[PDB]
Amino acid sequence: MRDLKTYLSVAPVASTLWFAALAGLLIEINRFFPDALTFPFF
Amino acid sequence: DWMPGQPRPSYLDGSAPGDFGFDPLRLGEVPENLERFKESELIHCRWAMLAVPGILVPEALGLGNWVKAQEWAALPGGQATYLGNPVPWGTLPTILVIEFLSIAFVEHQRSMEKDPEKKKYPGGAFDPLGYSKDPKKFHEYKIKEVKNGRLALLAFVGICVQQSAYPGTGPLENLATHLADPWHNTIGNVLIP
Amino acid sequence: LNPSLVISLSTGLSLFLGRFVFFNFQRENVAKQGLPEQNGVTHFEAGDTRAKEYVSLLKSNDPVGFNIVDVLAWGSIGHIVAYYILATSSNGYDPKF
Amino acid sequence: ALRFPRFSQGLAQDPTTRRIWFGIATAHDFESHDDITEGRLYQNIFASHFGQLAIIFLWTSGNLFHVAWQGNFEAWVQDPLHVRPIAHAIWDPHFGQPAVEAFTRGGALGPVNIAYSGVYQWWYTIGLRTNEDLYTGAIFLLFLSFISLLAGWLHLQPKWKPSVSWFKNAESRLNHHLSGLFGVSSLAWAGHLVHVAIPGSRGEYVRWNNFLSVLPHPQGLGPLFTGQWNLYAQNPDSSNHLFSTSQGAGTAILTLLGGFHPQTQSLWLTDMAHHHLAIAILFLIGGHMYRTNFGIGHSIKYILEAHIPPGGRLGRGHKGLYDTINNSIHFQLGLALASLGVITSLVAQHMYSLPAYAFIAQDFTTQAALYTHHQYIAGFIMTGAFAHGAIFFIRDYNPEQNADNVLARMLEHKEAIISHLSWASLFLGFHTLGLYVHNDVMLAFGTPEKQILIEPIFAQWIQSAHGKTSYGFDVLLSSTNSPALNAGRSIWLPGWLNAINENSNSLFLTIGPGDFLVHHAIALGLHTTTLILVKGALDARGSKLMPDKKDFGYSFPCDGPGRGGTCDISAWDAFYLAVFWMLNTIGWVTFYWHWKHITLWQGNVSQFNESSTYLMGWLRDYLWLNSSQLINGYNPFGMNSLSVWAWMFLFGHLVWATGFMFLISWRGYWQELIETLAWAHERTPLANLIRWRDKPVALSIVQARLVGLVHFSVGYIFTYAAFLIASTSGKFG
Amino acid sequence: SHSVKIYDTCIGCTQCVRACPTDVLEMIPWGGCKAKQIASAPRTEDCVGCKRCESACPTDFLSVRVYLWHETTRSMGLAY
Amino acid sequence: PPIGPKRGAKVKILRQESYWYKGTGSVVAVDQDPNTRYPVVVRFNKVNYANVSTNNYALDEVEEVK
Amino acid sequence: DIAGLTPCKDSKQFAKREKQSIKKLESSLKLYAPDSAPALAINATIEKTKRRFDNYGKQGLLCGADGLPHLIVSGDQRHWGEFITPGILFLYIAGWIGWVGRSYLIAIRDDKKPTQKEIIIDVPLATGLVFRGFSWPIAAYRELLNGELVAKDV
Ligand code: CLA
Ligand code: CLA
Ligand code: CLA
Ligand code: CLA
Ligand SMILES: CC1=C(/C=C/C(C)=C/C=C/C(C)=C\C=C/C=C(C)/C=C/C=C(C)/C=C/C2=C(C)CCCC2(C)C)C(C)(C)CCC1
Ligand SMILES: CC1=C(/C=C/C(C)=C/C=CC(/C)=C/C=C/C=C(C)/C=C/C=C(C)/C=C/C2=C(C)CCCC2(C)C)C(C)(C)CCC1
Ligand SMILES: CC1=C(C/C=C(\C)CCC[C@H](C)CCC[C@H](C)CCCC(C)C)C(=O)c2ccccc2C1=O
Ligand code: SF4
Ligand code: SF4
């Protein structure tokens, strides 16, 4: 468990998880507001 | 002090006439630069003080504003007019050469000095009434001179910026239109169209 | 308008300015700037024979040292300004206010 | 000594073929030659300059002779717009009959080459009309080159060779060059334009045998000395004027109109003569600045040392710079190359937008060739200027004599400069490539409307400020009551505004988002090339990886594999890597220019506007699209006049590709291969009777890099020249 | 013949001498460090310029410096 | 009277051809012996390009800093 | 309008491109069954295209002769939604990222083996640090004014 946590935070694994989360977030934002070329709210 | 609560520059003690410790950019850090700055300031102040009445007095009379009075030179037949009469030698190349020569000679004669106190306060032929007798009364006169000179410089800046704001108008016209309707006619309309 | 009048007047005036007004200033400046030098020695002192200053024609009998080279210089300035005046006065160009 | 090279005793003892190679590649590096002194170096440089002048004169004389001999000048001047100028005849015994048939053009009696240097238009404008004039010019130039060689030889001989003190007299040289080389030369050119070219463009044929009997103006020299100069501009040429005829001709010799000649679409000759006269006056006045033997004027070093700001933000300012510039010849060469490259690029930028030669604006291939020419040469000159700056740092820099001046302070904060320049390059590259890839992906998905098209609004505003009225910005010159507009309404603004708003020339082309993106690509290229060169120069004297680099010379292979490995650590290697980026940047510049102009010449500027925003548009609508006639120059069904380019197009592809060899494969492999080859040759019958005299060896590391770069560059230039000339000439539009 | 120099920062570790693949360097008596040793280069005519000695020097900067110079058949490492 | 900075001190390097030039290191030992021109021994927390963390310096090359 | 462009809402080539895009999309739809999964997907795409074009017309983008939207970045207040407020948003996010990373580097710089916490990210500390990027605009400003943003002695 402790060693699993340690290995699960090593550079490659942490980076892949971070970028998967970022990709999912951006994908969902684009899905809800697609084809957005300007900021119209204000 | 020019700003109650702000520490004063080390090289500006307060002994010089008009010293109020104003030097945010610290241009007078080097003393030999500060001396030249003082002379230049007095020259600018004197020019502005001798000019601003010249900008206002003719305007108060039945002549044009300071910018209309120097527009006749832009015409092929430019000829000057002083106090409502055409001067003979008013054509541009003349006025130009006579002014250039006189000013160059006088400025060179002025610059041929290395006192450097008479550099700023020459005296002699330039003090006929002889106001420089008591050394301390002379100092308060120096303070008054520099104060009025700074005021005149600020006034000239205001005149020029007003002219830019409302082309074809003079300071007295701006004052009159402000007095006609103070609140609505102010700088705000210029700042926020 | 009269080219001879304008040229002569302007040249004489420029010579007067050089001889009586800016004379001492120019002499002081040329004294303090000095001869051009390379590696601390003047051009002649480094072995350049042609760099030698022509001490012969520079001296004059004028009380203050007004010589040939400066008559050439100030007269050239006077003629340049005179012909500028003539050409620009006869050009007929007019800007519009 | 005792063998080639005689200038290097260390090389002459090399028992390998290297001695030959390095013998050729260091012949002009006088400073590294044995028994070299000061006066020897300066005299050799002086004589080599004379040799270069002789070569230049001989080359231009050859151009003249060939155009007069196998040219088309007499026929071309009859109808400049409907006949192709001829460069020189072709005599190739390898040609086949169809090749001879295809290459005979321009009304010649045999195969000939169509000139694209633009010499025909240039010589026509200046006044040359017949073949006799060209022959006389060629003979005069042959005499001139002979005289140049004679001068060089004369100054080689003792008792005529100048001393070093003479070479370092900067004040007098500057005075003479400004007032003499520049001023008097331009005054003479204005004289020729007034006396020959302007009359030539009006019917009269003024030549040596009658130029003293013809007045250039009806009231010759009367107005000039009287001061009433306006009489020389009182009757300009009417707008309905055929060039070399008196129909609609005027009498003005000097003017300032600003437009173009309506028929030739080039600048007025009178305007050009006036320009040259004016700048001649300016140069003559300004060349009296420095002090010589007459006791008046300026001393450059005093001006330099007096320019030190109080407050010490610049340290000691320019103190000591005169001696480091005058004593360092590489500093002088670097400054000269920098200025020359800037003005060569300026020439390139101005020649296409403000043509000065008659009927050259209608010769599209000539315009394209000249622009690409001058831009590539300017890039090479700039790269060389930076190279010689680095060389100066290595060789002629004295740290103690330059203590705390601008140069030393540049050296001591090199890292901030390099890092900030790197940041600028990274920003430009990241965002330019990002926008290009975004647009390309957007068009891949069939949604062009979702692109990021940024209007080059600042450049459009500047164009409006010049007087263009296609963007509706209403600025100076494009407004109505602006002082700038009103001041020049009676001099040049009429013609200038007529020319700029006219949309068939190249005077301030209309610009859009594609122009924005490509200009930012240009900026990226400039910044990255400057990064490489500045980093190579400022780190030439040494860095953290090799602090004692200054003692290893300008160019050396490496410092071995220790300390992590030190490949390409020299300043020479920094220049080496910068040449690739220079080629890439100038390639982008010329791609942009050529595509814009080829789409404008077709009246199809839209097509460029649509397809420039994304890279696939560049790849398909420009490279692939404009490359059909060229590749078809010869095919299984015969050949046409473009075959020679189609061959060159492939030739440039081969050279470039073999350049990749020396750049990828390195020395050790080739050395071992050559060793086994030597064994094999020594072990075979009848051929071991033949013995080499210099031991074969693989090319040096630096030499291999240089050869690879030379192949890369030659292939680059040849393939692009073939493509450009074939595509523009294939359509002639 | 390449030029090999030994600078006074040498600590007499001997690692450069072990590395030379042509026996160019040596150890000589000396008195300015604890080992009383310093490197010498009496046979630079046999130096091939490999710079393998510099890769072994632990001082910063190096105490042994190889400056490539005129090339001979010995320096070029040619067996033919 | 020992010479140079004390053991465990904090010195910055002034040798311009050193990797840690203008850097900082900890003094390890200064030899009391004369006739040695690089007595000071300094240790750094960063290796150089040769992967070495210790070097000797002359007395004037090191400068005790706070 | 600005730079000779015209609003997309009243532009004609923009409408022509919109119609052509919808026509191209519809061309494929007629091939399949009226209410199959491919047909539903194509209908959804057509509706998405219509919504996109209507939104572009609504926001008031500028269209050139090409009929495509163009972005004005000179600073005109009529177009701040095109580059300036997205630019401010990017600057905020990027400064967030950089400040958080710098804070992590400074925090782990005191250990005997800082590199160990660099190849193996100390997530516990990172989770506490990531939230400083909400207020990094103030932290960095006071860091600069206090004079310890930039390493002196260097
Ligand atoms: C297509 C060829 C190519 C490309 C793309 C580059 C690109 C670059 N070169 Mg280079 N160069 C090239 C050929 C090329 N070069 C050649 C043939 C030579 C001759 C040897 C050189 C010699 C050279 C030198 C000497 C230098 C450069 C430098 C640079 C960088 C300049 C900084 C910049 O512009 O920001 C960025 C530019 C980009 C194009 C961004 C690239 C990254 C993008 C965003 C992709 C991101 C990855 C993406 C997420 C996909 C990941 C996939 C996954 C599997 C990992 C840049 C990255 C300079 C430098 O280092 O800058 C300081 C430098 O000094 N080049
Ligand atoms: C050219 C005019 C001029 C000059 C040469 C000086 C020179 C000097 N002033 Mg002074 N001053 C001036 C005008 C000038 N002043 C005006 C108009 C005012 C009223 C606002 C003052 C009010 C003032 C005070 C209260 C004090 C000084 C003081 C000083 C002395 C010390 C400061 C210094 O070293 O800076 C040197 C200054 C300059 C080199 C001029 C700077 C010019 C820069 C390059 C441009 C300025 C930009 C400006 C804002 C443009 C406005 C344009 C318009 C559109 C608004 C020095 C000799 C101090 C002193 O000890 O007196 C002896 C002092 O306390 N001045
Ligand atoms: C007035 C211009 C000028 C002058 C006077 C010099 C003078 C000098 N340069 Mg320099 N240089 C210049 C411009 C100039 N350069 C420019 C524009 C560049 C940018 C490319 C360079 C880049 C440069 C570098 C990198 C170096 C020099 C070096 C030198 C010095 C030795 C050159 C030598 O003898 O090598 C011998 C000459 C050669 C090897 C040239 C033969 C090989 C050429 C490149 C092949 C030509 C192309 C090919 C044959 C054409 C295709 C063939 C066919 C298919 C058509 C010398 C003092 C060298 C030096 O040692 O500095 C001290 C040095 O390393 N220069
Ligand atoms: C267009 C690029 C190019 C070309 C032309 C070559 C050509 C060659 N490579 Mg090569 N290579 C390249 C790219 C290229 N490479 C690159 C980029 C790399 C990096 C990976 C390599 C790495 C590489 C290695 C490692 C090796 C080679 C080898 C060879 C040679 C093989 C021997 C041979 O083919 O016999 C004959 C040569 C040819 C067919 C080439 C064209 C010859 C023409 C047709 C003859 C024209 C003659 C003409 C009449 C001359 C008159 C002109 C006159 C004015 C002088 C050959 C000369 C091998 C080698 O050296 O062989 C032992 C070798 O080991 N290459
Ligand atoms: C003796 C004397 C005197 C007098 C004298 C005199 C009077 C003389 C002179 C003189 C002079 C008076 C001189 C002059 C001058 C000089 C010169 C040397 C010059 C010049 C100029 C020039 C050279 C110019 C040119 C030009 C040209 C060609 C181009 C266009 C135009 C111009 C103008 C620019 C007296 C009695 C007083 C006193 C005593 C002494
Ligand atoms: C390395 C080095 C070197 C070199 C370097 C270089 C070469 C650099 C550069 C550079 C460059 C090459 C630059 C350029 C520039 C330019 C500029 C800076 C400009 C400008 C501006 C202006 C002044 C403008 C004006 C105007 C007008 C007049 C009007 C119209 C508009 C305009 C705006 C155009 C040397 C050898 C020396 C030394 C060592 C170091
Ligand atoms: C091919 C190759 C060789 C071997 C190259 C050799 C042996 C050159 C052989 C060429 C012969 C001499 C014919 C070349 C023909 C030339 C066109 C003649 C030019 C001579 C003058 C006109 C200048 C290297 O030694 C090498 C070294 C380091 C990196 C890359 C390489 C590399 O790529
Ligand atoms: S370069 Fe190689 S052969 Fe020469 S001394 Fe050093 S280790 Fe020995
Ligand atoms: S490797 Fe360096 S420190 Fe060791 S003995 Fe050789 S020169 Fe001296």
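Computed 3J(HN,Hα) for the stretch D:306-314, one whole-Hz value per residue from the Karplus formula 6.51 cos²θ - 1.76 cosθ + 1.60 where θ = phi - 60°, is 6, 9, 10, x, x, x, x, 6, 9, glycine and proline marked x. Applying both filters, DSSP loop and at most 13 other Cβ atoms within 10 Å, to the chymotrypsin sites (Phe, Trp or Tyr not before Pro) of the stretch D:665-733 gives D:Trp692, D:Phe732. Shape class for chain F: prolate, because the ratio a/c of the largest to smallest gyration tensor axis (alpha-carbon atoms, square roots of eigenvalues) is 1.5 or more and a/b beats b/c. What base-10 log of the normalised intensity I(q)/I(0) is obtained for the protein assembly as shown from the Debye formula, alpha carbons as equal point scatterers, at q = 0.05, 0.06, 0.08, 0.09 Å⁻¹? Calculated log10 I(q)/I(0) at the listed q: -0.59, -0.87, -1.60, -1.82. Relative contact order for chain D: 11 percent, from Cα pairs under 8 Å spaced at least 6 residues apart, divided by residue count.
Per residue of chain D, the DSSP helices (runs of n ≥ 4 H) give a summed -39500 (n - 2.57) that works out to -18000 deg cm²/dmol at 222 nm. Considering every alpha-carbon pair of the stretch B:42-193, the percent of pairs per 5 Å bin, from zero through the bin containing the longest distance, is 2, 7, 11, 14, 15, 15, 13, 11, 8, 4, 1, 0.
Per-peptide packing, taken as the mean over residues of other Cβ atoms within 10 Å, places D:583-590, A:14-21 in the sequence D:583-590, A:14-21 from highest down. Direction-averaged projected area, Cα convex hull, chain A: 4.6 nm², rounded to one decimal.
Normalised by residue number, the volume inside the convex hull of the Cα atoms of the stretch B:79-165 is 183 Å³ per residue. Reported value for the stretch D:1-128: 175 Å³ per residue, from the convex hull of its C-alpha atoms. Over chain C, the ratio between the Cα radius of gyration and 2.2 N^0.38 Å evaluates to 1.50. Membrane-span-like helices in chain B, defined purely by DSSP H runs whose alpha carbon atoms cover 30 Å or more axially and whose average Kyte-Doolittle hydropathy reaches -1.0, are B:31-60, B:135-165. Principal axis analysis of the Cα atoms in chain D yields extents of 83, 78, 60 Å, listed in decreasing size.
The convex hull defined by the C-alpha atoms of the stretch D:355-483 has an orientation-averaged projected area of 15.8 nm². Here the protein assembly as shown is treated with +1 on each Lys and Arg Cβ and -1 on each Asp and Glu Cβ, and its dipole about the Cα centre works out to around 1980 debye. Would you mind checking the tilt of helix C:3-20 against the longest principal axis of the Cα atoms of chain C, expressed as 0 to 90 degrees and rounded to 10? The two axes meet at around 40 degrees. The overall shape of the stretch D:290-435, judged from the alpha-carbon gyration tensor, is oblate: a/c is not under 1.5, and a/b is no greater than b/c.
Converting phi to 3J(HN,Hα) with the Karplus coefficients 6.51, -1.76 and 1.60 and the offset θ = phi - 60°, the stretch D:517-533 yields 4, 5, 5, 5, 4, 4, 4, 4, x, 4, 5, 6, 4, 4, 4, 4, 5 Hz in sequence order, with x at every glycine or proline. The orientation-averaged projected area of the convex hull spanned by the Cα atoms of chain E comes to 4.9 nm².
Close amide-amide hydrogen proximity is noted between D:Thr16 and D:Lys695, each under 5 Å apart and 5 or more residues distant or on a separate chain (H modeled in the peptide plane; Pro and chain starts excluded).
Listed here are the pairs C:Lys96/D:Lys468; G:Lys16/G:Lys58; D:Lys161/D:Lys319; D:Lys450/G:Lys9; D:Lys544/G:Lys152; which of them are more than 24 Å apart at the Cα? Long pairs (Cα-Cα over 24 Å): D:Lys161/D:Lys319.
Working note: Debye formula, equal point scatterers on the alpha-carbon atoms of chain G, no solvent; log10 I(q)/I(0) at q = 0.14, 0.16 Å⁻¹ is -0.83, -0.92.
In chain B, helices alone account for a calculated mean residue ellipticity at 222 nm of -17000 deg cm²/dmol, with every DSSP H run of four or more residues adding -39,500 (n - 2.57).
Close amide H pairs (under 5 Å, H built 1.01 Å from N) link E:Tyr67 with E:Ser3, E:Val4, E:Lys5, residues at least 5 positions away or on another chain. Most tightly packed first, judged by the mean number of other beta-carbon atoms within 10 Å of their residues, the peptides D:528-538, G:122-132 read D:528-538, G:122-132. By the Cα gyration tensor, the stretch D:145-201 has an equivalent ellipsoid whose semi-axes, rounded to whole angstrom, run 33, 18, 5 from largest to smallest. Amide H to amide H distances under 5 Å link D:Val112 with D:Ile90, D:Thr104, D:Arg105, where only residues 5 or more positions off or on other chains count and H is placed in the peptide plane. Taken one residue at a time, the phi angles of the stretch G:81-94 give Karplus couplings (6.51, -1.76, 1.60, θ = phi - 60°) of x, 8, 8, 7, 7, x, x, 4, 4, 4, 4, 4, 5, 5 Hz. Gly and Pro are set to x.
Neighbour counts are summed over all protein chains in view; Cβ atoms, including those assigned to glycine, are modelled from backbone coordinates with ideal geometry. Quick note: the coordinates plus some simple rules give every number you see, no bench work behind them.
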